[PDB]
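One structure is given below, represented as structure tokens, and several questions about it will come after.
Read from first to last, the chains carry the letters A, B, C, D, E and F; within each, the first residue is number 1.
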Amino acid sequence: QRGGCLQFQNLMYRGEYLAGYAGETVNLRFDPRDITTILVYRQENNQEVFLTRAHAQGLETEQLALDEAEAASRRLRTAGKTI
Amino acid sequence: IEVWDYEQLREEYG
Amino acid sequence: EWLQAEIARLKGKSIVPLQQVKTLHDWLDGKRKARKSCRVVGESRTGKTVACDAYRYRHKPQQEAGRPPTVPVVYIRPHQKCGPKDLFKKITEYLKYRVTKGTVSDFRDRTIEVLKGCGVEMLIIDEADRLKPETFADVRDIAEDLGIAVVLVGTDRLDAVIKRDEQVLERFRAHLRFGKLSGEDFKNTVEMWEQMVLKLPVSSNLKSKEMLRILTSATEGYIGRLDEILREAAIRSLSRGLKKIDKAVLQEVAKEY
Amino acid sequence: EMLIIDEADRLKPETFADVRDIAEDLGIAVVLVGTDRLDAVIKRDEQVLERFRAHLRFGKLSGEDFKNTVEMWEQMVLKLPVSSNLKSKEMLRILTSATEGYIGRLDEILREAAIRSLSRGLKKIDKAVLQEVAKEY
Amino acid sequence: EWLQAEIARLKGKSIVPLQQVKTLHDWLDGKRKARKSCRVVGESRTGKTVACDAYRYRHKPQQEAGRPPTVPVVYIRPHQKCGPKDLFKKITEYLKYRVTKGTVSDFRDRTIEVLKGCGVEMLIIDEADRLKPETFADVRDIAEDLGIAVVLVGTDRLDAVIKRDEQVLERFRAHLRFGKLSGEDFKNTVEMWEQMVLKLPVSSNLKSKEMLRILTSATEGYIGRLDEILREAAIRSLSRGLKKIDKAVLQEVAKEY
Amino acid sequence: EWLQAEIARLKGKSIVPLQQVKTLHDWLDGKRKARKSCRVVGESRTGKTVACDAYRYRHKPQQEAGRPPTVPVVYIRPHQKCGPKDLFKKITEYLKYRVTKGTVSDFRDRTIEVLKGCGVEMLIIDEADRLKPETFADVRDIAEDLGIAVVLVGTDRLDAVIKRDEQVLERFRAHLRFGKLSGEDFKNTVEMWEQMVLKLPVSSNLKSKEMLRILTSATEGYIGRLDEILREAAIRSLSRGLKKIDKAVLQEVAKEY
């Protein structure tokens, strides 16, 4: 997105080079045990290459499994609060 | 302690 | 008519010296003397605009015979989908100049001139997230070029908007957060409304445990609900002739929330 | 003094900025009218959800209140040549299953039944003619 | 008829010695001896033409023996889209000379001859923005060729016209601003209007808190509205046989605006 | 008074020679001699603009008695949604040629004349991504037709814009990147700030492990944050009367960021 953001499971990520690629599609590669950091890959000459590591803004020192982020998101949507 | 009327603050303003 | 005078008074508004207003003014004086740009954030009923009007209405414009006014602090509030011209139009009008038809660069040049002419030290932008994304280029420019502390006021959506532009995010990084009342602080504040705001002929004892349960569940700690619940209960109970607020009549107002 | 906005959820999300602005700037009360969907839209913005909290709710008719209202439709809206006695238990069972307590169905079912009755020549409503109308639902 | 005397008085005009008027005349007196061209700016209801006319009623023409009349201040208002001929025609006619069938380059030379002959020190051009853009070359030529201070008087649009040409902006760079009334200055002025202008037999006491709320809302600080409103309230009131202006008749007037 | 001079000095600004500035200048001097267009990229607080200003102030406009100035390096900064006539307007004003009314082809032909007449070798465009997409046609034109090294300066957003057009990307491929401070380089730079910029009369020993856990965490390696944090901690310390910064006061400043 604009300003290098990615959105994934409700978390918003930014990283060291992403803003230069705004509008492109990247393959996020992630670990379901801890989604606070994601590896971002892109395709060049039909060859996938590594781009950068993207970190969920403001929670870089925490940890979250994908199941915790998904279950908490349902509680927020049920409660009617913003995410 | 002092409390202000929001319209007195308007009347006192520049 | 003594009733009708109280109904005309109570539907009005006041500013109370509270800790969360005294804190903001000590902080904004720091940013104004140091010329550092920053943001004030927090949930929508914490009273951030009253805390900023209490700042604008202190630090009054100074008048010198036939000069343009010296204006230490400017507070503006943008309309929805505010464009570069609309920001410049409002800053120009607030310093008391009429804005004549022109291209965006005529409004830019005239705005820079009146900000530097009126000696502005701080510019406060309320509801900052009404700004269109490109206008922040002109807000960054005002703050880079002139010695002006820009203050953005908003809620948690403003951060969701600031974080979409690296240039804004790394400039507006210093921040104060407006929070909710609790414990002794909510308890002490209820007494300040009873004795400084409501002016009912006998004590309603709103800080008592049987009454704080009602008020806690109603207000959630928001100063903007506390003033609203207690004005509505005072208006209503006087139109029935009581000299107080009591358990059942307050539970009638709170059952609307 | 007061602005009432019907079907408030037809508003585009940005317009609420102008609705709040007026309510705060001018001593004008603004009332938003709507269905449960309105709240689903409103909860999508704290800034709005907090100016407009107080809420009065309209419900459905039941028990004595539905029965008493049926007499008002008969004696004040219909005013048929002789009385249909719609408060009688068998006519109430037909009307209850038909209307489900909605005043916008009670107003509709009884006009449809009374028009049929009069255009067929009857001085009142009866069990079978009201069941013919209610069977259309 | 005593009553018919008073309505003929209130319908007319008079000049009140406001601080803002005193501030202009003291500033223009610096400019007149120094011979420096300048401009006066401000909103359209702030008193500018009346403050300039009062300076023209000071410094009225001298007439020593065997000389032309010496006329230290000239004041003119151009008409709309005023051309190079029409400006020279006004300067000539203000100096009481008749003018006969010239081409524009005759009107120019006859204007320069009477401006020298009458010993003009200052030329106040009211509504300066009625001037066509090309006439400023004749205004700069007057100001440079002769020892004359030109004062351009106008609204915030005047600035927009001047900023379109570097040649002009620089001759007329210095400035004084007329502004609106506020705070204790509005209150003192309303008290002055009551005793100085209205002169009703019984006091209306309009400096009273309840009455200044009606006037502050009704007038928004413009000296123009303040006067019209106070006059219209005296006229209407007098026609109905009242000794004073009161709360209800003043609201009846202010509602029309 | 001693304190108020230090509080004025600390609110001011200075350019400190650093490796990243020295490294840019020795790269820009190479591009100026070779006439190659290129871009400077990096994050939004790395100090790119101070490095480019420090370079503009090395090659000063040389003067010969009756001629336009010889200007080796031009630096401009566009306004948001900059069009071709806005870019040309600024290059012409920077070389001190006043800009008259006209069409885009008049502004083009005049800009091309003054860039030749003043002998320009390099054109540094800050915040390059404010340019409208079509204007790049005029930027490539300047750079292929004239012997001018165009330097585009910006954040990684710029490259996202540039990659939308092959024709531009290929003129501007050569790049120097500004990074973040770390390890020994952050530690050494904090000591340069202490001695050269803060000049506090008791040493704050800011290179100690307990101070560097604060500064490395809070500044994240940005020179923009390091200058802002330390000047604020020095203003706050001296206005409280301490002759040096201390662990709790630097913690109080860092808590806001």
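Just so it is clear, contacts are C-beta pairs under 8 Å (C-beta built on N, C-alpha and C of every residue); 3 or more make two chains touch, one makes a residue touch a chain.
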item	value
Pair exhibiting more inter-chain C-beta contacts, A-F or B-C	B-C
Identity of the most central chain, Cα criterion	C
Whole-Å separation of chain centres (CA-atom averages), chain D against chain F	67
Centre-to-centre distance between chain F and chain C (centres being mean Cα positions), rounded to whole Å	36
Chain B and chain F: spacing of chain centres that average the CA atoms, whole Å	46
Residue numbers of chain D (touch at least two other chains)	46
Multi-chain contact sites of chain A, meaning residues that touch two or more partners	3-4, 19, 82
Residues of chain C that touch chain E when the two form their complex	63, 65-69, 96-100, 102, 106, 110
Chain D to chain C touching residues, read off their complex	14-15, 17-18, 21, 27, 46-47, 50, 53-56
Footprint of chain E on chain B - complex, ascending	11-14
Complex contacts: residues of chain C adjacent to chain A	133, 156-157, 163-166
Contact footprint of chain C on chain B as seen in their complex	1-7, 9-10, 12-14
